[PDB]
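Residue numbers (PDB author numbering), protein chains in the order written: chain C, 291 to 339; chain B, 678 to 725.
See structure below.
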Amino acid sequence: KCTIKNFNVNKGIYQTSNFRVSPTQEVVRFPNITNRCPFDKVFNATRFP
Amino acid sequence: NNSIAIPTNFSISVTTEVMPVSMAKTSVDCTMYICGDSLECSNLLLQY
Ligand SMILES: *[C@@H]1O[C@H](CO)[C@@H](O)[C@H](O)[C@H]1NC(C)=O
């Protein structure tokens, strides 16, 4: 009914779109790098050129 | 104006003729082609 956009359906066969399955989980995978690069040195340096 | 040609013998010939009748039936889906598995794209597709 949602595919044909109507409440009354005639007798026959019809192809239907996807309205059944929906995701419910989140999977995040990042590399395990722990070192913190300095934004206190490239930004707050001694003297910019 | 006074000569004719009348055949004295014959032959039986079998010839082949090929004719197409039908082709493949194709069904498409607007979902999982235009947007795929993406709810944000599917939300904007409801107006079409
Ligand atoms: C930069 O560092 C100096 C000392 O390390 C500090 O006095 C200054 O406030 C810093 N600049 C900023 C914008 O935080």
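Heads up, the beta-carbon is just placed ideally off N, CA and C, and yes, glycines get one too.
| query | result |
| --- | --- |
| On a Cα-Cα basis, can you pick out the residue from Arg310/C, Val317/C, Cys327/C that is closest to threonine 708/B? | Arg310/C |
| Looking at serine 312/C and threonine 293/C, is the spacing between their C-beta atoms short of 8 Å? | no |
| Is DSSP giving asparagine 325/C helix, strand or coil here? | coil |
| My output table needs one value for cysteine 718/B: the three-state DSSP class, helix, strand or coil. | helix |
| Please report whether the beta-carbon of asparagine 308/C lies at a distance below 8 Å from any beta-carbon of chain B. | yes |
| Beta-carbon within less than 8 Å of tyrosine 304/C's beta-carbon, same chain only, minus the 5 sequence neighbours each way: which residues are those? | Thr293, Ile294 |
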